[PDB]
């Protein structure tokens, strides 16, 4: 027989491009959620109750069940903490925190409160991702090459944050490839060597060359480059004995040998995942891609290339 379900009452904290282009539109389509409030000193949503602080909102809106926290990782611990302390489920934007320690702390808090915490990784939900995963599982794998090369100027015009110590530099778009690889490969990998290319100012890298291995010694090469002004590349190529998969366009398209076998629904699947784990009563906090970033910074030979303006 049919089981009726009331919506999960959702609040949004934060504003910006991703909030307008991705969050709000996906929420509007998702019937398992009701958007009941927003909290921000930088904007409101027409016809939705608004508050300037997360504490003000948690006080005044006791019907809230969950919160999507859309700010950058810098400001984000404190807000995630109060939400979980209130017992709300929490949807974290990518990467899930500034440090791994903050995140492991938030995770412990969440378990203790029975609240579902979620590290979203949008790229992991790009439309050819699961078909790559299922493929690689039936097949034997030889090598893996990750190419993620894009032009800063085009995507991050005049921005300061990316270059702060902590801003991650090229790892900012790079963690997305990591969030795919981590899901796609059969076995976990680890960094074996890394080179990090910094400008003379600022305190964050422009390119990286990284090698990984798994336990069976499968080699993984990753190149991240923020100077690729020409052809845009977001691919992960795997030499297989069945016999060569290419996943391109940030996980969007899959060509087995050359037989190129759906449309981009990343944020809508994130919200499906969030609805899903709330109803299962679980968390989904995979830190593996942020862990790879931190390892790269810890192991990386710090190489200086020029200046950037």
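Numbering follows the first chain given and starts at 1.
*Asks:* Per the entry, how many residues of the deposited chain go unmodelled between residue 63 and residue 64: none, 1 to 3, 4 to 9, or 10 or more?
*Replies:* Gap size class: none, per the record.
*Asks:* Mean CA temperature factor from the deposited coordinates, higher in 278 to 286 or in 248 to 256?
*Replies:* The entry gives the higher C-alpha B-factor average to 248 to 256.
*Asks:* Could you check which stretch, 26 to 34 or 236 to 244, carries the larger mean CA temperature factor in the entry?
*Replies:* Between 26 to 34 and 236 to 244, it is 236 to 244.
*Asks:* Highest Cα B-factor in the deposition, which of 186, 73, 127, 193?
*Replies:* When the deposited C-alpha B-factors of 186, 73, 127, 193 are compared, 73 is largest.
*Asks:* Out of 210, 136, 170, 115, whose C-alpha atom has the biggest B factor in the entry?
*Replies:* So the option with the highest C-alpha B-factor is 136.
*Asks:* Mind checking which third residue 103 falls in for C-alpha B-factor across the chain?
*Replies:* According to the entry, residue 103 has a C-alpha B-factor in the chain's lowest third.
*Asks:* Taking the C-alpha B-factors as the PDB entry records them, is residue 201 in the lowest, middle or highest third of its chain?
*Replies:* Its C-alpha B-factor, which the entry lists for residue 201, ranks in the highest third among residues of this chain.
*Asks:* Tell me, lowest, middle or highest third: where does the Cα B factor of residue 156 rank within its chain?
*Replies:* It belongs to the highest third of the chain when residues are ordered by C-alpha B-factor.
*Asks:* Within this chain's modelled residues, let me know which third the CA B factor of residue 20 belongs to: lowest, middle or highest.
*Replies:* Middle third - that is where residue 20 ends up once the chain's C-alpha B-factors are sorted.
*Asks:* Would you check the entry's CA temperature factor for residue 263 and let me know if it's in the chain's lowest, middle or highest third?
*Replies:* Its C-alpha B-factor, which the entry lists for residue 263, ranks in the highest third among residues of this chain.
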